[PDB]
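**Q** need a 3D model of the sequence below.
(2 chains)
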Number of protein chains: 2
Amino acid sequence: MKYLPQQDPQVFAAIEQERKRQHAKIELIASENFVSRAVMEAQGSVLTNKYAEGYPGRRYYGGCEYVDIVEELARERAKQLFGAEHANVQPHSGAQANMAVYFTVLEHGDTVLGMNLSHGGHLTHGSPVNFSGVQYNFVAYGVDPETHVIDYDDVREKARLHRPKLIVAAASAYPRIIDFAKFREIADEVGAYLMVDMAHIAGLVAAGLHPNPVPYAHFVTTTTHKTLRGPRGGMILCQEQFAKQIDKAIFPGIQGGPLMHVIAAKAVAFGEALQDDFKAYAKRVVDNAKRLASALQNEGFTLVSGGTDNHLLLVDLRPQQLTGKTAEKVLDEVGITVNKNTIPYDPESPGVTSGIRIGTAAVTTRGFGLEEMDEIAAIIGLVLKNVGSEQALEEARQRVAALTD
Amino acid sequence: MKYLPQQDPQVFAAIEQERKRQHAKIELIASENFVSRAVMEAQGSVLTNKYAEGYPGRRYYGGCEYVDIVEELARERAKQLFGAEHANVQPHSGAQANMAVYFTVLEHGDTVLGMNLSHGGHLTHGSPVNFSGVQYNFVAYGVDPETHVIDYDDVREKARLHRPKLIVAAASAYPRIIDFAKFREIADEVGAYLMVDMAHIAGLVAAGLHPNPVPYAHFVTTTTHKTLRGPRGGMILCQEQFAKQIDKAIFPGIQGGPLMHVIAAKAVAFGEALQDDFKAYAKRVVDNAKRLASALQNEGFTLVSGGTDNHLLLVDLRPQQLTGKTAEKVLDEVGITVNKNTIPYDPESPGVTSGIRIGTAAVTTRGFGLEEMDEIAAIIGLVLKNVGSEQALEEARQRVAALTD
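**A** Residues are numbered from 1 along each chain as shown, chains lettered A, B, ... in the order given. The coordinates are given below.
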């Protein structure tokens, strides 16, 4: 940076702290990643200056010829990545992407069927303190109490009982492949739309490592910043039949001016995802997660569902008589970043939990491989089996530093 | 830029076109401005990588110590700028800032009283194709048919008749000072909350050139990217009594992860606005608008309300037998960027209009003064009085180029 250090020493010092923090820690928050310098440069461009309400070639402001090129690049590359008939790259976030789909097909008070939030469903899939649960009548399906795999007969029963207008599939903390074909079959049985929120798994889908929801779902929502490794924001994919309605839902429905610089950054990220090396990256993410899962099991940990098919895993800490809150805190002390996370049928509150959620997307981006996964698991074992030993924690600290260099 | 040109030639070429366009044109879109290089660098930082749901010291993710510093800098500087008791710097946009306030105090179907959209009110102040008009029951007050000043007796009558839960003051196309004291008096009479959407005038308020709504309003919303000259995004100000509710409305209510890099950019912009030179800048904006108004009147143009108290003006093109659409198009041909805009009591549709909206914030940022305002008015006169003369348009083109260098 050249101008920020002089203009704003306070902001610059804090940004520098954050940059150094991102290098020093072992980042295992499953929703996080590290964007490329190209993505960041696009976000830091003069495109922030442009009002561009509307869509390419159909804007409500003059002078949009070039931001139109940028938005169309984003849309076309997204369609190439996911094989979708239509893309809307304007959503400000995952929240707004989901909000727009709900606004498109539902009226206030309509019934929606989503994944149980404490089994892996997201805030925007019906929390009573979120617009989703306040605006629409959410009901929930669960995972099997033993296998922790989505119970598709429960999806079906809930759908047949409650008769939702919309069914939502996908999750913030589900470690297995989701069967979109079965969701669509159930949706078809009850005459419901199917929305798939692929936010977490989007990069894996792009790389052919998770089944693609696009051919099965009426609407696919996603963030651009998780396994897709792009800037912070949202996106909607859908068939041409819903294109006009979806676009109108984003604008003039729920947003105003789009963030053209972020949209540029989206285009860049999609371009990166189209490359062969991104496919190799995504395979390493999944390979690393499986290796980490196996290594943690070797350390004596129980995993929700018994492992992972994707980028993330959930440790059930009940065998260790630890809460997720306790584990999160102590791991923070040694430089490992995880989230406390409810496990299916958790006896603890969401503020406490019996689990920790871990993902490999970020560490894989920084070049971690199988050997590093073994060591991460070993350090987690050392820490969680010796929470009261400051010497154990100091050893962990040194081993974490050894990994981040 | 260093990495983008190599990684993504297509995106880079389009960004470069846009950068050059921003230099070449006379930018008179009233909602636009040019951010500093420091603001852009903050947006292009690694802060995009950080999930930070929640608030400073009260986050749902570990490792937020430094993004907390950044967000608190934004909040404290905003409070210093506007004298507000509380700031929420997380809203992704003006849309989301307004959305959150509505979510805080209203239930589905509640009556809200806002400015007539064709008299200057914004999309999010009750358009039937926007969430505001779909979710809540909007009624409207108007300006006087002759003076084009808000009719405060109409505000009062509408309030007493319809009994709104909330009154919204502020506008996207109102060239005069708004009397927030009168709005609060009316709000008090009917037991309604008062929200002021100061998006357009925020920089002028910060500079003491427009009365501050903060002491009169329960909630003040704004964008950060208009006269405030910051990054693209939203903000909410309110008294401490509503702080908790407002914060909960933004998260977990209507958003998820905030854009920490944009929040950094907000802090930077607020820091710039706190400086003496920003006050001088804002005075030049208002001085320039008054000069431009006078100069246009000298060219024979009629202005809505007969001039301006702020950064923007509205030309009533009926005396010239031109539509706003026609004027917008021909000015585009010569390198002057304006919006078609409905005038109060417009006989034309919103797709056609009888007016153009012009603002001086952007041209003032690039260093334009009073002499430049005279020349801009002269060029607009030359163009709009000679729409059928290609030689006149070519002369205009050359004079525009002369201004932008």
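**Q** residue numbers of the stretch 151-300 of chain A in contact with chain B?
**A** Applying CB under 8 Å from any CB of the partner chain, one finds that the stretch 151-300 of chain A approaches chain B through A:225, A:231-232, A:248, A:252-257, A:259, A:261, A:264, A:267-268, A:271-272. Bear in mind the C-beta positions are built from the backbone N, C-alpha and C, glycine included.
**Q** return a ChimeraX selection command for the buried portion of these.
**A** Entered in ChimeraX, the line below selects the buried ones among those, by 16 or more other CB atoms under 10 Å in any protein chain shown:
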select /A:225,231,232,248,252,253,254,255,256,257,259,261,264,267,268,271,272
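**Q** mind checking which of the residues of the stretch 151-300 of chain A next to chain B are in helices?
**A** Within these, residues falling in helices by DSSP state H are A:248, A:261, A:264, A:267-268, A:271-272.
**Q** farthest-separated two in those residues?
**A** Using CB to CB, those reach their maximum pairwise distance at A:248 and A:272, which is 30.3 Å.
**Q** name the element residue A:75 belongs to?
**A** Per DSSP states H and E: residue A:75 is located in helix A:65-82.
**Q** for the next helix or strand after that helix, name the packing helices and strands.
**A** Moving toward the C-terminus from helix A:65-82, the first helix or strand encountered (DSSP H and E) is strand A:86-88. If you count contacts as 3 or more CB pairs under 8 Å, 6 or more residues apart in numbering or on different chains; DSSP states H and E, strand A:86-88 packs onto helix A:65-82, strand A:234-238, helix A:240-248.
**Q** any idea which of the ones you listed is most buried?
**A** With neighbours defined as mean count of other CB atoms under 10 Å in any protein chain shown, the helices and strands packed on strand A:86-88 peak in mean count at strand A:234-238, which reaches a mean of 28.
**Q** using PDB, list the CA coordinates for that one.
**A** These are the backbone C-alpha positions of strand A:234-238, laid out as PDB (Å, rounded to 0.1, in the frame of the first residue of the first chain):
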ATOM      1  CA  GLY A 234     -23.500 -13.500  -3.100                       C
ATOM      2  CA  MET A 235     -24.800 -15.000  -6.400                       C
ATOM      3  CA  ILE A 236     -27.900 -16.700  -7.700                       C
ATOM      4  CA  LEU A 237     -28.100 -19.300 -10.500                       C
ATOM      5  CA  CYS A 238     -31.400 -20.400 -12.100                       C
END
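**Q** distance from the chain centre to that strand, please.
**A** Mean-position distance between strand A:234-238 and its chain equals 14 Å (CA atoms, centre = their mean, to the nearest Å).
**Q** name the residues that touch it?
**A** A:78-79, A:82, A:84-89, A:91-98, A:100-101, A:214, A:218-224, A:246, A:250, A:266 (CB atoms under 8 Å, 6 or more residues apart in numbering or on different chains).
**Q** nearest to chain B: which residue in the stretch 1-150 of chain A?
**A** Here the residue of the stretch 1-150 of chain A nearest chain B is residue A:44; by CB to the nearest CB that distance is 2.0 Å.
**Q** burial of residue A:332, as a residue count?
**A** By other CB atoms under 10 Å in any protein chain shown, the residues close to residue A:332 number 14.
**Q** out of everything not next to it in sequence, what's closest to it?
**A** Excluding the flanking residues, the one nearest residue A:332 by CB to CB, 6 or more residues apart in numbering or on different chains is residue B:62, at 4.8 Å.
**Q** just the element for the one you found, please.
**A** Of the helices and strands defined by DSSP H and E, none includes residue B:62.
**Q** surely it touches residue A:330?
**A** No - if you go by CB atoms under 8 Å, residue B:62 and residue A:330 don't touch, sitting 11.1 Å apart.
**Q** surely residue A:59 touches residue A:65?
**A** No - shown here, residue A:59 and residue A:65 do not form a contact pair, counting by CB under 8 Å, at 9.4 Å.
**Q** what sits against the closest residue to residue A:48 other than its chain neighbours?
**A** In space, and not counting its chain neighbours, residue A:48 is closest to residue A:261: 4.7 Å by CB to CB, 6+ apart. Residue A:261 makes contact with A:42-48, B:43, B:232, according to CB under 8 Å, 6+ apart.
**Q** what's around residue A:6, how many residues?
**A** Counted with other CB under 10 Å, residues neighbouring residue A:6 total 11.
**Q** equivalent analysis for residue A:60, please.
**A** 17.
**Q** same check on residue A:188?
**A** Using other CB under 10 Å, the number of residues around residue A:188 comes to 10.
**Q** same thing with residue A:285?
**A** 26.
**Q** for it, which residues are in contact?
**A** By CB under 8 Å, 6+ apart, the residues touching residue A:285 are A:203-204, A:227, A:311, A:360-361, A:364.
**Q** dump the residues you listed into TSV; add distance to residue A:403 as well.
**A** TSV is the format used below for those (distance: CB to CB, whole Å):
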residue	distance to residue A:403
A:203	23
A:204	24
A:227	21
A:311	19
A:360	13
A:361	16
A:364	13
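**Q** now render the residues you listed as CSV, adding distance to residue B:172, neighbour count and secondary structure.
**A** Below are those laid out as CSV (distance: CB to CB, whole Å; neighbours: other CB atoms under 10 Å in any protein chain shown; DSSP: H, G, I helix; E, B strand; the rest coil):
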residue, distance to residue B:172, neighbour count, secondary structure
A:203, 39, 28, helix
A:204, 42, 26, helix
A:227, 39, 34, coil
A:311, 43, 28, coil
A:360, 46, 30, coil
A:361, 41, 31, helix
A:364, 46, 26, helix
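**Q** just give me the closest of the residues you listed to chain B.
**A** residue A:361 (11.1 Å).
**Q** burial count for the nearest residue to the residue of the stretch 1-150 of chain A closest to chain B once chain neighbours are set aside?
**A** Once flanking residues are discounted, residue A:44 sits nearest to residue B:44: 2.0 Å by CB to CB, 6+ apart. Around residue B:44 there are 26 other residues, counting by other CB under 10 Å.
**Q** now residue B:44: how far from residue A:177?
**A** 36 Å (CB to CB, to the nearest Å).
**Q** now residue A:390
**A** Taking CB to CB, one finds residue A:390 at 42 Å from residue A:177.
**Q** which of the two has more residues huddled nearby?
**A** Taking other CB under 10 Å, residue A:390 and residue A:177 do not tie; residue A:177 has more neighbours (16 against 9).
**Q** what sits against the residue nearest to residue A:332?
**A** A:328, A:332, A:337-339.
**Q** one more: residue A:142?
**A** When contacts are counted by CB under 8 Å, 6+ apart, residue A:142 touches A:115-116, A:119, A:150-151, A:154, A:344.
**Q** cool, and residue A:290?
**A** A:307-308.
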